[PDB]
Structure formats: structure tokens, C-alpha cells
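Residue-level structural notes
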Amino acid sequence: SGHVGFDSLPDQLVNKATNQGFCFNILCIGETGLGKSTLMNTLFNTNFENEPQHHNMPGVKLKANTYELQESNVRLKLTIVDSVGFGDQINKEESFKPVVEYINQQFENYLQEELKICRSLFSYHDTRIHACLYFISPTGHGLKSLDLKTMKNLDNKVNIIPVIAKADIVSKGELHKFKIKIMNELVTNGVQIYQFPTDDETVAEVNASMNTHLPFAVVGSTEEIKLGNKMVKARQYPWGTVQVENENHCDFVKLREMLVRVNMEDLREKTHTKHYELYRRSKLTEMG
Amino acid sequence: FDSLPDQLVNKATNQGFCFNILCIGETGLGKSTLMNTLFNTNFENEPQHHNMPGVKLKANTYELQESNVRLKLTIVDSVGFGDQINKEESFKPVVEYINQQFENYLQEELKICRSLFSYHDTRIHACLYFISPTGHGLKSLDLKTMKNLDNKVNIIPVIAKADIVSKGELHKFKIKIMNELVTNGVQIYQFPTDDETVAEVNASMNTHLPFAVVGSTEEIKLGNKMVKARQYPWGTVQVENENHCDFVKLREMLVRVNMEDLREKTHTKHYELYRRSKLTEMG
Amino acid sequence: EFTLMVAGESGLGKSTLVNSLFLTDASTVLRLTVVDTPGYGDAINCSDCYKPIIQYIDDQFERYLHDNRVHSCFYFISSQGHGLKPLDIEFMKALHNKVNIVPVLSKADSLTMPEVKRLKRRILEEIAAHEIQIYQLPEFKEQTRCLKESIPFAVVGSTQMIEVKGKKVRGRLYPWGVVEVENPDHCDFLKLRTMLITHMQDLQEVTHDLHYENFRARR
Amino acid sequence: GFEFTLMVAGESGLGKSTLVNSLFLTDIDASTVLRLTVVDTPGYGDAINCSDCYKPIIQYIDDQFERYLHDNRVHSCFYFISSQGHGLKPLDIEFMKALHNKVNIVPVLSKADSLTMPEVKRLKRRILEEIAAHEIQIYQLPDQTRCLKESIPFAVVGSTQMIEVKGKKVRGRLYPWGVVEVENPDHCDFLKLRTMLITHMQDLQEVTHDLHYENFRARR
Amino acid sequence: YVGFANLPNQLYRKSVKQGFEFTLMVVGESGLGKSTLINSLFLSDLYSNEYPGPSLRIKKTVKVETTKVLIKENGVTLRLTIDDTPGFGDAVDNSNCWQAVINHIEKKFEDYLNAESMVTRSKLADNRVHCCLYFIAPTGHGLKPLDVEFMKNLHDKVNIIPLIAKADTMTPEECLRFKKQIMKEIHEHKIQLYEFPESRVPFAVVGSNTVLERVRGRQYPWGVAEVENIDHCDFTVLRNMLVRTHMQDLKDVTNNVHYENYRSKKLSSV
Amino acid sequence: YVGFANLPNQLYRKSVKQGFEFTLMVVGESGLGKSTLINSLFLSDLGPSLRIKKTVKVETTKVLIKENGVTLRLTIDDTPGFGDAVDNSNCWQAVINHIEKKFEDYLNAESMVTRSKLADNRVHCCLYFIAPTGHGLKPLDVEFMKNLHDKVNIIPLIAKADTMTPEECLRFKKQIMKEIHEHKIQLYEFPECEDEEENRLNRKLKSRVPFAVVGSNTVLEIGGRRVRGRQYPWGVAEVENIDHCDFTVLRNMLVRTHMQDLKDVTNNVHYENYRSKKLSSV
Ligand SMILES: Nc1nc2c(ncn2[C@@H]2O[C@H](COP(=O)(O)OP(=O)(O)OP(=O)(O)O)[C@@H](O)[C@H]2O)c(=O)[nH]1
Ligand SMILES: Nc1nc2c(ncn2[C@@H]2O[C@H](COP(=O)(O)OP(=O)(O)OP(=O)(O)O)[C@@H](O)[C@H]2O)c(=O)[nH]1
Ligand SMILES: Nc1nc2c(ncn2[C@@H]2O[C@H](COP(=O)(O)OP(=O)(O)O)[C@@H](O)[C@H]2O)c(=O)[nH]1
Ligand SMILES: Nc1nc2c(ncn2[C@@H]2O[C@H](COP(=O)(O)OP(=O)(O)O)[C@@H](O)[C@H]2O)c(=O)[nH]1
Ligand SMILES: Nc1nc2c(ncn2[C@@H]2O[C@H](COP(=O)(O)OP(=O)(O)O)[C@@H](O)[C@H]2O)c(=O)[nH]1
Ligand SMILES: Nc1nc2c(ncn2[C@@H]2O[C@H](COP(=O)(O)OP(=O)(O)O)[C@@H](O)[C@H]2O)c(=O)[nH]1
């Protein structure tokens, strides 16, 4: 007051963060064949082919791959960690153990690089998983026991946005009933899935509360079919074409509006502040 | 930025100056009238009597104003000098007066807590010797006292009552005077003989020593310029005339040009010799 | 008489296709004995989920030894995955010694034609590799040949009633179109229903003569 | 006729030789020149301590007088008084006191040209009061004495010069500021001295013979 | 359009909702125009009539004081800390007068280290001294021994920005001569200044608060000393490069080298 | 008549051959415009401003400056580097020792049996520089005035007087005056001389001390006439008008109105006060 200045501080944050480079890690959990590789070739508009699984995997394991993407002038390194062999064995009581071990191993990598005397946290590359996409089988009856067990065992370690895979197989009366049943099982079991932000007066009330439609009923594929005058992505059937960019068929738009559009930095900040801080407190209390 | 003479003389005028003259000679030679006519102010010096048995010193101090200058003038007349029968020890009291003045100055300068500039200079600066106009030569007393005194004070030989002597006999008396002075090796106070360009001006006066002076207080009316002159029944003798008498030469030398020279010679040349002698005899 | 049991995972809709097949846990509704087997695999561990069906068929033959026999073992293999799970392969390898196995792909309306060709070839490869002796069924010649080629079948089901394009029929309503369960070009519902209708008696006699008779040889 | 002698004494430079040569028109020293014997004392007054000097002059006249008793005696003693003073110097008074009873003195003011009218009057009055105060008995001139004793001790000027004035050869001193004159009788008074010397030479000789010699003849 | 390009927008939102913190220390000889420059940098009455600047009030020991300001401008909330050392070099003997500055700076560093290393971390209140403006009297000859010894004893603990202080008391020719001599006296004594990322160091500063009609200037009996001119003084250079260009590069370097160099020394000692 | 009035002429003429000697000391922090103000004060190029360096011992310079027939033998005493060093305690000891050494040399020369004309070496005036802080005197300056004013004539000068708006110059000058009164620092003395005209002059001069003085060496012209001053992009800081600065009064007092007076105070007060302290100790 007297006159201006000091409005460029957020701009300086933006420039320094952009120069440093962005990093996002996504954990893809779902039974083999549900569309995880397909949905995340859909989500990032590129071909992340990763071999269509041996259904006779002796043990549940994780395939972690790292790629570089660039849009306009922002550069982001994706660590996509697919659960390979999950839900294929006869014995599934140990299905989620490797995934949790992997998450905690990445947390320990970060925390161990932090405590080193000659640390380089400014330049060191974090490997913690920022968002977890869970694939719900389009059963029509609810959520299976394995889905509940995995979500519960993994709710406090990474953000979960429940996603209905191959959602193009349920009718809309059935889809509404099945969605309401999912959220009923979620609240009754008390699963702390990732909820929309509330604080920001801009979007975090209107879009946040309007998107009370979780879980998202989404579909994915790689073929572009001609609808109207656009090569829109779609899943083809003898009786027609299921479009993915139209709201009335699937909820893929809202899922992307979380992951890549509006709440990605909230996901990273919650990973560093809500989950990493919990693990760090627990570990530092354990070690002394 | 070097107008320091103005402020120097401003402080001096705020203070005023001091001067001391001694008049030494036989009584009746005309000292008091000449000193009245030299400062043109009637100092009350009454007709004395010769019966003084020894040489005494009478001092009169006056404050004279002219323009802006105030001058503290101390005249010191020697009375009784050269009249008594025993004329051998007649040169001691003048010596003692000069040495007493120098002793006072030395004691005041060597005093620990001085009195700044308040040293009223009582040192006899000028000394006028009055020589009887006889036409033959110096008396024994005159040569004795002049030789014994030329190394203590600035001595100026002056012929008293110059109207007695004629010009030829005046010049003859001058020539045997200087012959006797050089023969007896007396360094009569010389005006600066080699003073840069004033060397000629203060060397011609040295050559003109001794002077011949005439004084008068009777203002007589000659022309419309009433003068200081003595009016004898045969003619009028002008005090301020270059043709008649050399009073104006003495006044010029003593007052207008060479006061501060006499003071500086008293301080630097004579007083420091006295200092050397006293400090050598001090221990 | 006929014992139609459907076997597989839980939640693949097989109850709906059962109700749609005849236009009208066990049910004796010809005396059609429907056995809507409880969809196993809902539990975390599926080691013992296979057992309940063996003793049921084992006891079934025991009363016969002491026509409830399962003439058709309708097996519904998931449309979601890439092929045969270890659970399905173990169950098919452990069951075909006794009860006549027939494979059918559940929820065919969730699958594309190139993929169903791919999954049929992979299913046949996994059957041949694990020496699984699946039923080869023996105008009658034409339907026999087509059924041999069409193994395994892909079938959709529907219970609710829809006014599609006019006439009131059974089907499914989707924003992309109507799934006509009756229509042969949409799925093999008609192929399955006609095969069972036309080969019911052959199934009974072959069960008695091959699967039941070698069981006597085993017994 | 008579053979007058003469004593002339005084301090150096008081114009003794000039006046004696001017008075008689002709040029211890006893010079014989009417037979004049001018006894002029060379050394008296210029010495450092002139204390004894009045004794040798007393000595010589006693020797001159006793030799005559055994006419060359000294009959008159012209004593010279310097014009500079306001009165009489101690030497002058002492010589007059110790010399007046041997030779008969004539007080005479040397160089009258130094004094103005009121000044010569004042100085003459002072000499009168001083001689009457020390009781000095000078030779009393025989009885117009009023303007003599007004002038006594005769103011005199002596000069062997004939300065030209009004076309006449006047006895006078020059200078450079008006000449003075000897014969002028206003207050130069050399005329008085010469006139009464000439006209009482005989009285002078007689008083010397009958008083000073007789006193000496009583002394001896 | 996976849409990653909206990530800078999200950074914008969170940064503008969480606010920013800055810490500026002002150290130098008293009477050099420190309070006026501080007021004219932020165009506000941080040092008002009731709370004047250091020399207008405080010189007791030679310690350091601080003041806070909240600036809400275009929705950006800036928490500004102005740290002044009131009475430095104004004593007869100035031996080891840098102790107060060093102790304060390492006090903030130790507070931040304790906050980070604690098991249960809250939001980190960043009170570390980010910028340090050192004032140099415009004598024109060279570094005073106190000044050079301060910089030599401070270059490895904080970002020192030397300032020429009084700058209208100093001709451009003598200004350039003093700058060059400052560079030389830094060079041969091995002084490592803050290498500004983007020759200008040290900057010249002049400020005023009495508005003259309407510009902030000083009305001398001969004219108007106006701050904003680029040729006259680099006050614009300091303002821009401190509060509009490198407000956070300074924070990055303080956390990146001046912090772990303090951490490596401390942890190896422990 | 009588000529007693021509004696000043004789003094004037005797003063020509000897020559007047002045010994002026300039004291202040390095960089405070000391050498430059000296150069501008005497209108002479004495420039140690380009001598960018520290110093060791008291710097004294002998010069001969002649004008209008008057010759000044000038000893300028520029102090070594003091106030700049970190340990400024007892930094005035060099100056005090220099003063006492000069006094002792002159007094010892006077006391000898053999005496020439005494070659004066005592410092006559001292000009002290105040840093233009605008708030108050530094403790070093106050201390050195306290330790110095009783030994030689001290005159305080506000160096860099061009850095202050007139209101601030007002406030700073009377702040300095109040501090001067409160520390009882009696500056160049003017106690109660009984003369009237000179007393009112000197009491009107006291009311202006300290002097806002700017030094330089330039000749810049202003539209209309050539002036002496400095340049800023907003004007010409002028040295020769009273409105813009107060150099004129300082130069007048120091050189052309009180310089002989300064010498008289030096000999008759400061020398004499030292002399009684010294000689009584003997
Ligand atoms: N109808 C329909 N088919 C899909 C959908 N998503 C994937 N598919 C088909 O399923 C096949 C298997 O691919 P994925 O299920 O993505 O492979 P994955 O299960 O993710 O296993 P990984 O490659 O290891 O990640 C693809 O070739 C698609 O043809 C979908 O959303 N709807
Ligand atoms: N012939 C002549 N007489 C002079 C001259 N000057 C003064 N007189 C006179 O000589 C007398 C001596 O004067 P003074 O000077 O008073 O004598 P003194 O020896 O100084 O003794 P005091 O009377 O005490 O002063 C005075 O009465 C004067 O009138 C002169 O130049 N020539
Ligand atoms: N897309 C599709 N949906 C089906 C099919 N069969 C059943 N459903 C849907 O699945 C939901 C429940 O299936 P349900 O028959 O109860 O599964 P089941 O108990 O395992 O037989 C119903 O709402 C049906 O609409 C099918 O073949 N395709
Ligand atoms: N004015 C004046 N000068 C005289 C007189 N008598 C002698 N003089 C000067 O004195 C000089 C020499 O005098 P002198 O006869 O030797 O003195 P004396 O021998 O003692 O009588 C001469 O040159 C004369 O000019 C006199 O009566 N008046
Ligand atoms: N010449 C000049 N004077 C200044 C400058 N800045 C401030 N001043 C003046 O210096 C005076 C004191 O400065 P401020 O307290 O008041 O100085 P500080 O104690 O160092 O903060 C103020 O009255 C200003 O008028 C500048 O850049 N140049
Ligand atoms: N603004 C201003 N600058 C000055 C003044 N006098 C001198 N200067 C400059 O300031 C610097 C001071 O240097 P100098 O006088 O040699 O310092 P010192 O000799 O150590 O006291 C020089 O470069 C001058 O040009 C002044 O009155 N005002």
C-alpha cells in the first residue's frame, strides 16, 4: 500500500518448478485383463505396450516402467507400476503383499536419501507412488472380497480413485444401482478413498461436490472411430459403437479431470504431506 | 585571502603602540624644546637649575592620538649630565638605566606565568646624543660616553643649538666628528646601509650623521603660514627648514620611517647580546 | 429329463441367461433340472472352491448306481481375462473325467469379434495342451458340423422386456444400441439352445454309454 | 705707556682666541705683543676631570706676582660664560670664586648670538641674581652703568670677519639666515666693552696695582 | 490432452492460497539512509512515526531487532520480515561486531534444522534470513577494514548484497571508481559474493518518502532527486532483482548450499 | 601634525621580507573530503583524493603560497588513516603527540642561550569533519573534540553538506548545536570580549557553527555566469551563494577575518596554557 509490486512470487514458483521437471507415479492395480494397460494408453494418449501377461505367473509381482512426456512446455516423468500376476493365482491371501512392499520400499528410498549427510534433496528423484488406480470388475453384484482387502490394505499409503473397468457392459438403471451399491459398501466398510478438495473457492466446491458420482464408470481402448466429424475413441460392437469422450456413456472425462487436469498437484502434495509424513513419523518412531 | 595586514593593524589600533626616547647631553643644549617641537605637543618641562650634583633621569609618559593611532610615548631626559667637576663616572647612570630596562624585560620574558602581550616595552629604543657646538672636536667626556654606550643602545649623534655654528664651521665640526669616531672605532647607529633598494636612502642618512638641530615653540608669523621659529633681533630661524637646520631630517628618520627598525634592532641585536652575557654569567 | 448346471465364477450373469434360455441350489422346471451353481471364487482363497461340484456329481452317479445325471456341464469362462485362469484349468482338468463338459463364454456382449476369435483359439490351445477331453458333439449333419466349429459358444442373456424397433422382445437396452439376445448374429444364444434341444437324447445316451460307462470301468 | 697684560680663561670653543684677536685688532701661553701679554690658558675644561686646573692658573699668577715683588703682573682676567646654560655652571662659579681676589675679573657672556630679546633679558637677570646669591664681587665699573649692569655680564659676539652689509665692511658672523653685526649697539654690546676698556684702562691698572698687589704684598 | 499443462495453474492456486514468506536483513553504518530505502522498497510505512527506523531509535548494545508486515496485494499474501542491526560500527571499537549478525543467522538456520529433523513435522515456518543488504559508506576510497572483514566472515553463511548506500552524495565518476575498487578489494582477499543469476554488484540506492508534485523525490535547494530514473540510481535494479525477479532464487540458494554446508558441518560434528 | 600615524606602514613593510607562517591541521575520517576541501579553501592545487590507500604516520606538508606581496609558509597537517581502522580506541594520540612535539620544539628553541629568529612550528587552527549522518555526532567525533579542543583551535565542519534538504540541514545543525552545548564542547573560543562590534560579529558567527561546507575542484558555469560548485542530474550544488551552502562564511572566518586572530589565540592561550603546565613541571 503506497503502490504495487510482489505479484510475481507465484510466477517464480511456477518457473522454478517447471525448470526442475515434474514427476508422477501411478500404481495400476487390477485383475489381469481388466484394461489397465489399455486404460492408461487411453489416459495419456500414447502407446505404453507392456506385454499382455502370462496368466500362469508363479507369484504376484510388479512391473515398474518410467517414461517421459511433454505438453506445451511442461515435462513429466511417469512411473507406471502395474501389478502383474495380481488375482491370477489360486492363493490370493498374499496378492497385495508385493505392492505394499514396493510402496514402502520407495518411501524408504526417499527417507534414507533424506537423512544422508551429503544429501541432495533438491536434485534427487523421488520414486514414491502418487496416485493409485484401482480397477473394479464390472460384476454387477458389488465389489469382490479381494477388492475390499486391497483397498483397505492400501488406503493409507497412496491415493485411491475407484474406477469401474469395462464399464460399457452395464445398463444405466443397473449402472446407477451398482454405483450406489459401491458407494454404500465404501462408506459401510469405511474405505478412505481419495475425495475431491474442498478449500479452493474456485473449483473445490462446485466441481468437487458435483462429482459425488464416484466410482467412475470408464472404458478404454486404442482405436479411433468416426463419430459425427471426429475420430473419437470408442469400443466397437456388432450393434454399435460405445464412445468414451461423451459423458452420457461413460465417466472417463471426470476420471481425467482428476488425474491429469485439476487435482494432480493436490495428489502430489497429499502424497508428501498425508502419506509420506505418516510413514516417516512411524519409521522415525520405530528406529528411535 | 591574504588581507592579513588589515586585521593585523586593526588589532594593533585596538591596542596602540609604544615608543621610548632617551635624551642625553649637557644641560642647556636644548633637549626639551626640541622634544616639544618633535611631537608638537607642549610637555610641561619647567626651567630647571644646573645645581644638580649628579646625572639623574626624568621620565614622562604621554598618550598621543593621531588619526586612529594611540602612541604611548616615554621620553627620558638626562639632567645634570656633563656639568659637575668630576666628569669621569658620568657614563654609569645611563648604562645602568639601559641595563635595568633590559633586566626587567629579561625577567618578564623568563617568568614562568607570563603576562601575554601586556609587556609594556620600557626598553629605551632611541637615544639622542647632544654634542656641544664648539667648532674644534669631541670632548673627552663625549667620546668616552659615546664609545662606552654604542654597544648597548642605538646612539644618534646630534649637534645641539646648530644656530650658533656657521655652515663652513658646521661641516668642519662634522668632519672632525666622524674622523674621531672612526679613529676611536665607534659603530654609531647606522640606518640600514644595504637595505635592498632603501639602501641608498638609509646610507645617505648614515653619511649625514651627526645631525644639527634647532628647536622653537614660539609660533611666529612669517607669510600666511605661521611657523615654528626663533626670532632673534637680526633674523628669524625656521625649525622646519631644510636650508637652515637638519631638524626635519631627524624627525623624518626617528618618527616616519625608522621607529620599528629601532625597536627591532633593540630586540634582536642588543637585547639578545645582553641575554647571552647574562646566561653565560648565570651559571 | 435333463440336468442343466452352469458352472464358473460369480457375477457373470449366468442366472440371467438361464432364465432367458427357456423363456420362463437347483430347480426342476420335459423335466429340466436346472442347477444354478453358486459362483465360486468370491473368497480370497479358491483351493477348496472346486470341491463342492465333484461330490454332487459323484453322489449323483451314486444314487444312479444305487436320470439326475448332468447331461450338460455348462461352463462359463470369464470374458474379462486373456484366457483360462489356473482355477478354470484345474477345474476342467479335474471334472471332465465324470461329467460332460461344454464350454460357453459368459457376457459375450462385452467382447469384440476379433478378440472372441482370439480367445476361442487360445481356449482350444489350452484345452489341447492340457489334454482336456472336452465334449465333441457327434440338416442334422449341418448343425453337427457348425456346432463342432463353434466350440466354445458365446452367449448373451436377458430377462427384462423391451420395446426395441417395434415388437416386444427380450434383450438389453444400452445408449449405443439394443442387445438382441434372440438374434443369431449378435451372439450364439440360438446355437446353444438349438444344440441342447436337438441333442438332448444323444447327450443322455452318450452320458450313459461313455461318461457313465467308463465310470463303471473306473468304479 | 702702560704695558697691560691679559688673562683669558674658559672652556674650549667659547670663542676666546677670536675675541682677543678681534678686540685688539692683532693676532699656559703668555704671548707678548703699549705692551700686551695675552695669557691664554690652552688646557682647561676639555679634560676628563677638570678639578685641579684652577690651581695652576692660581699658581701662575702667584708666581707672576711674587716675581714682580722680587710690571709684568696679570691685571685683568676676562672670564667667558657659555651661552648654552640657564645660569652658571659649577666650573664657572668655582673658577670665579677662587680667582676673583688674585686677578680682577670681567664677566662676559660668550656667543650672545644664541639668545633672543626676552631670553637675553632673562639670562642676564639670572646671572645677576646668581652672582648676588653666591656673593660674587666682580670688578665694579666706575660711575650710565644702568644699561651696563643690565647687560653685565656683557653679552658679546666675536668674529674676525668683515662681512659686507649695506656696502660696508662690518664685523659679523654669517650663517645662512641673516648676518649678525658686532658694532650694532642694540644688544650686541661689544661696543660697550671696547669703549669702556679704552676709557678706563687707567682705572683698571690702578685698582689692580693698589688692591690686588697690596693684598698680595700683605699675603707675602 | 492428457492435460498436464494445467499443472502450473495448480501451482499458481496453491501458492496464492498458502501465501509467501520473505526475510530481509539490513546491515550497515547508521545514518546511511537505511530506513528510507526500506520504506521506499515496499512503498509502505513499515517504519512509521510511532515505530521509526534504527538510528531514529534503539542504538544501545549492537544487537539486532525485527519487524513483521503483512502485504495483501492482488490476492498475493506476503509475510515480510525486516531485520535491522541498529548500532553497528557506531562504536569506538568495532572488533568482532559481526557476532550478533552471525549468531542471528545461524539461530534461524538452527531453528529450521530442528524443525526439519523432528519426527512430527508441521508446516515449516521459513524464518531463515534470505537476503542481506550490506551498506557501504560512499567514502570513495575503498572497503573499510570493518566492511571487508565482515564480508570475509559472512560470505559462507548468507547471501550478501553490498550496497553503496548514500548515492546522491557521490558522483557517477567516483561511483564507478569506488565500484571498481570494491571489485578489486573483493578479489585479492578471496571474497565470494552472491553471483547473481539471470557486474552490477554493488548496486547504488537512493530513496525518498516525501511525495513532491506527484513523484517520490527529495527537494534539494537546487532541484529534485528522483529515484525511478535508471541512469541516476539502480534503486530500480535492486527493487526488480530482489522483489520481482529473484525473491525465490535467493530462498533456493539459501536452502541449497548455505543450509547443507551448515548441516554437513553440524551433523559430522555430532 | 607629527607622524605617529605612519607606524603601521613600517610594520607592513617589515612584514614583507620575513614572511608569515601558518600551520593548519585537518582532521577527520578518510574519504570525508579533507584534502579536497583544503584544495578548494586555499584556491590552490595542493590531489591526494586519488591516493586511494591507508597511511602510517602524521602527514605534514610544507608549501609557499604568495599573493599580493604576502608569503605564507604553510604546514598542512593531514592525519594518517584513523577512524577507518577497526580499533579506533586512542586514535587521537598521534595528533596529540604531534601537537606536543611542535610545542616542545618551539619552547626548547626559545629556552637556549643562543637564539635566532624562532622558526615557528606550532599548529594554529584545526578543522574537524563531521560525518553527514543527519541524526547526530558519532562517539568517535565527540571523544576527539573532547580530547583536542583544549590544545589547539578547533572548528567543526559538516562535510558533504550537499546531501541534505534544507529542513534536514536545519534539524541536523541544531541537533549538533544541542549536543555541543550538552557535552560542553567549547568550540573556537569567543567568551566575553568587552569590545562591542567585534563581540556581536563573533556571537553571530557562533550561532551558525557548525558550518555546512562543501569542497570540490570544479569550475561549472550556470546560465548567466561562471560559478564554483558540483553537478547532479537535477542541478548545480553551488558553493558561492549563501542560500545553497555556507562555505563563504567558513572561508571568511578561517582566512580573511580571523586568521591572525587564530594565531593570537594559539600563541597567547594554547601555547601559554601548555607552557604553565610544562614549565611548572620543570
Ligand atoms: N470392451 C472393452 N474392452 C477392453 C477395454 N479395455 C481393454 N479391453 C480389451 O482387453 C484387452 C486386454 O488388454 P488389457 O486388459 O489392458 O491388459 P492388462 O489387463 O491391462 O494387462 P497389462 O498389459 O499387463 O497392464 C485389450 O486388448 C482390449 O481389447 C474396455 O474398456 N472395454
Ligand atoms: N640658540 C639657540 N637656543 C635655543 C635653541 N633651542 C632652544 N633654545 C633655548 O635654549 C634654552 C634651553 O632650553 P631647554 O631645552 O629647556 O634646556 P635643557 O637643557 O633641556 O633644560 P630644561 O629647561 O630642564 O629642559 C631654552 O630656553 C630655549 O629658549 C636653539 O636651537 N638655538
Ligand atoms: N452385459 C451383460 N450383462 C449381463 C449379462 N447377463 C447378466 N447381465 C447383468 O448382470 C446383472 C446381474 O447378473 P446376474 O445374472 O445376477 O449374475 P449371476 O448371479 O452370476 O448369474 C444384471 O443386472 C444383468 O443385467 C450379459 O450377458 N451381458
Ligand atoms: N657664533 C659665534 N661663533 C664664534 C664666536 N667666537 C668664535 N666662534 C667660532 O668658533 C670657532 C673657533 O673658535 P675659537 O676662537 O677657537 O674658540 P676659543 O679659542 O675657545 O675662544 C670659529 O670658527 C668661530 O666661527 C662667537 O662669539 N659667536
Ligand atoms: N543523500 C541521501 N540521503 C538519504 C538517502 N536515503 C535517506 N537519506 C537521508 O538520510 C536521513 C536519515 O536516513 P534514515 O534513518 O533516516 O537513515 P538510516 O538510519 O540509515 O535508516 C533521512 O532524513 C534522509 O533524508 C540517500 O539515498 N541519499
Ligand atoms: N558530495 C561531495 N563530495 C565530495 C566533497 N568533497 C569531496 N568530495 C569527493 O569525495 C571524495 C573524498 O576524497 P578525499 O577528500 O581525498 O578524502 P580524504 O582526503 O581521505 O578525507 C573525493 O573523491 C571527492 O571528489 C563534497 O563537499 N561533497
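Residues numbered from 1 in each chain as written, not as in the entry; some residues may be left out. Chains lettered and ligands numbered in written order. Heavy atoms only, no water. Residues with missing side-chain atoms left out of burial classes, pairs and counts.

In its metadata, the entry names cryo-EM as the structure determination method and reports 3.26 Å as the resolution.

Turning our attention to the overall build of chain C. The helix and strand inventory of chain C stands at 6 helices and 10 strands. What you see for chain C is a C-alpha radius of gyration of 17 Å, in line with the 17 Å of a compact globule of 219 residues. The dimensions of chain C, computed from C-alpha atoms along their principal axes, are 55 × 40 × 35 Å. (Helix = DSSP H or I, 4+ residues; strand = E, 2+ residues; numbered from the N terminus. Rg over C-alpha atoms; globule rule 2.2 N^0.38 Å.)

Contacts between the two partners involve 41 residues from chain B and, on the opposite side, 43 residues from chain F. When chain B packs against chain F, close to 3900 Å² is buried across both sides, 58% of that on carbon and sulfur atoms. Summed over the shared surface of chain B and chain F, the result is 3 salt bridges. Among the salt bridges present, the one from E272 of chain F reaches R114 of chain B, with a minimum N-O distance of 3.8 Å. The interface formed by chain B and chain F includes 16 residue pairs in polar contact. Going through the elements one at a time, α1 (4-15), α2 (31-39), β2 (56-66), β3 (69-79), α7 (247-257) and α8 (260-282) of chain B are the ones with two or more residues in the side of chain B that touches chain F. The element best represented in the side of chain B that touches chain F is α8 of chain B, accounting for 9 residues. When the residues that make up the side of chain B that touches chain F are grouped by side-chain class, the tally is 20 nonpolar, 7 polar and 14 charged. (Contact = heavy atoms within 4.5 Å. Buried area = accessible area lost by both parts, 1.4 Å probe. Salt bridge = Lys/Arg side-chain N within 4 Å of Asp/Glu carboxyl O. Polar contact = N/O pair within 3.5 Å; in protein donor to acceptor, adjacent residues only side chain to side chain. Nonpolar A, V, L, I, M, F, W, Y, C, P; charged D, E, K, R; others polar.)

Let us look at the environment of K206 of chain F. Here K206 of chain F is to be found in helix α6 (residues 197-206). A sequence separation of 18 residues divides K206 of chain F from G224 of chain F, and the C-alpha atoms of the two residues are 34 Å apart.

A few words now on the UniProt feature "binding site: GDP 2" (unreviewed entry) in chain E. Residues and elements named next belong to chain E. Per the UniProt annotation, the sites labelled "binding site: GDP 2" (unreviewed entry) are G31, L32, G33, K34, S35, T36, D168 and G207. Note that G33 resides in the loop between β1 (20-27) and α2 (34-42). With relative accessibility at 31%, the residue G33 sits in the partly exposed group. Along the chain, the position of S35 falls in helix α2. Sequence-distant contacts of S35, that is, excluding residues within four places in its chain, are made with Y47, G53, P54 and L56. (UniProt positions renumbered as here; feature names shortened; annotations may be inferred. Buried < 20%, exposed > 50% of the residue type's maximum accessible area, 1.4 Å probe, protein only.)

Right, let's get into the sheet that holds strand β6 (residues 211-212) of chain E. Spatially, the 3 strands line up as an open sheet ordered β6-β7-β8 (chain E), and their pairing is antiparallel. Every interior strand has two partners, whereas the edge strands, β6 and β8 (223-226) of chain E, have only one. (Pairing = 2+ DSSP bridges.)

Residue and element names in this part refer to chain C. Between helix α5 (residues 140-150) and helix α6 (residues 189-218), whose axes approach to 11 Å, the crossing angle comes to 130°. Looking at the two axes, α5 sits oblique to α6. For α5 against α6, the interelement crossing comes out left-handed. Touching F140, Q143, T144, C146, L147 and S150 of α5 are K191, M195, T198 and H199, all from α6. (Axes fitted to C-alpha atoms, helices over the stretch in contact; angles between N-to-C directions. Parallel < 35°, antiparallel > 145°, perpendicular 65-115°, else oblique. Left-handed = near helix turned anticlockwise from the far one by under 90°.)

Here the focus is the site of ligand 1. Around ligand 1, the surrounding shell holds 18 residues, and the nearest of these are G33, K36, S37, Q53 and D82 of chain A. At the site occupied by ligand 1, the surrounding residues belong to chains A and C. At 2.9 Å from an oxygen atom of ligand 1 is found a main-chain nitrogen or oxygen belonging to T38 of chain A. Against a free-state accessible area of 640 Å², the protein chains account for coverage of 86% of ligand 1. (Near = heavy atom within 4 Å. Areas by Shrake-Rupley, 256 points an atom, 1.4 Å probe, with all protein chains shown as cover.)

Here the focus is the packing of aromatic side chains. For the coordinates displayed, the defined rule picks out 48 aromatic pairs over all chains. Following the ring pairs from residue to residue traces out a cluster consisting of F107, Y110, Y124, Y276 and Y279 of chain A. In this structure, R128 of chain E is placed above the aromatic ring of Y112 of chain E, and the distance from its NZ or CZ to the ring centre is 3.6 Å. (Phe/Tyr/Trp six-rings, centres within 6.5 Å; stacked < 30°, edge-to-face > 60°. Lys NZ or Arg CZ within 6 Å of the ring centre and 35° of its normal.)

With that out of the way, let us pick up the interface of chain E and chain A. Across the boundary between the two partners, chain E contributes 45 residues, which contact 51 residues of chain A. Of all the elements in the fold, those that place two or more residues in the side of chain E that touches chain A are α1 (7-18), α2, β2 (65-73), β3 (76-84), α3 (99-117), α7 (249-256) and α8 (260-269) of chain E. In terms of residue class, the side of chain E that touches chain A is built from 21 nonpolar, 13 polar and 11 charged.

Residues and elements named next belong to chain C. Of all the 5 residues making up strand β3 (residues 32-36), 5 are buried; the element is thus mostly covered by neighbouring parts of the structure. Here β3 shows two buried faces, one formed by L32, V34 and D36 and the other by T33 and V35. Strand direction decides the pairing type here: strand β1 (residues 2-8) and β3, joined by 5 bridges, are parallel. Each residue of the ladder has a partner; that of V6, found in β3, is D36. Bridge analysis of strand β2 (residues 27-28) against β3 gives 2 bridges, and the strand direction is antiparallel. Pairing of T28 across the sheet is with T33, part of β3.

On the surface, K174, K178, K204 and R208 of chain F cluster together into a positively charged patch. Note on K178 of chain F: relative accessible area 56%, which makes it exposed. (Patch = residues over 30% accessible without salt bridge, like charges linked within 9 Å, V, L, I, M, F, W, Y side chains within 5 Å. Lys, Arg positive; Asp, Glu negative; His and termini not counted. Charge placed at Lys NZ, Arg CZ, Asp CG, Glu CD.)

As a further point, take empty space enclosed by the protein. To find leftover empty space, one rolls a probe the size of a water molecule over the atoms. Quantified by volume, the largest cavity comes out at close to 610 Å³. Taken together, 35 residues form the lining of the largest cavity, with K144 of chain A together with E9, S78, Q80 and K85 of chain C sitting closest to its centre. When residues of the lining of the largest cavity are traced back to their parent elements, those giving at least two are β4 (72-77) and α3 (86-95) of chain C. Here the second largest cavity is characterised by a volume of approximately 520 Å³. Lining the second largest cavity are 36 residues, and of these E26, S132 and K139 of chain B together with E11 and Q84 of chain D lie nearest its centre. Those elements that provide at least two residues to the lining of the second largest cavity are β4 (126-131) and α4 (140-149) of chain B together with α3 (90-99) of chain D. Counting residues per element, the lining of the second largest cavity draws most heavily on α4 of chain B, at 3 residues. Of the residues belonging to the lining of the second largest cavity, the class tally is 12 nonpolar, 13 polar and 11 charged. (1 Å grid on protein atoms, 1.4 Å probe; cavity = no way out; pocket = protein on both sides within 12 Å on 5 of 7 lines; lining within 4 Å. Points joined across faces, edges and corners; volume = space filled by probe spheres on them.)

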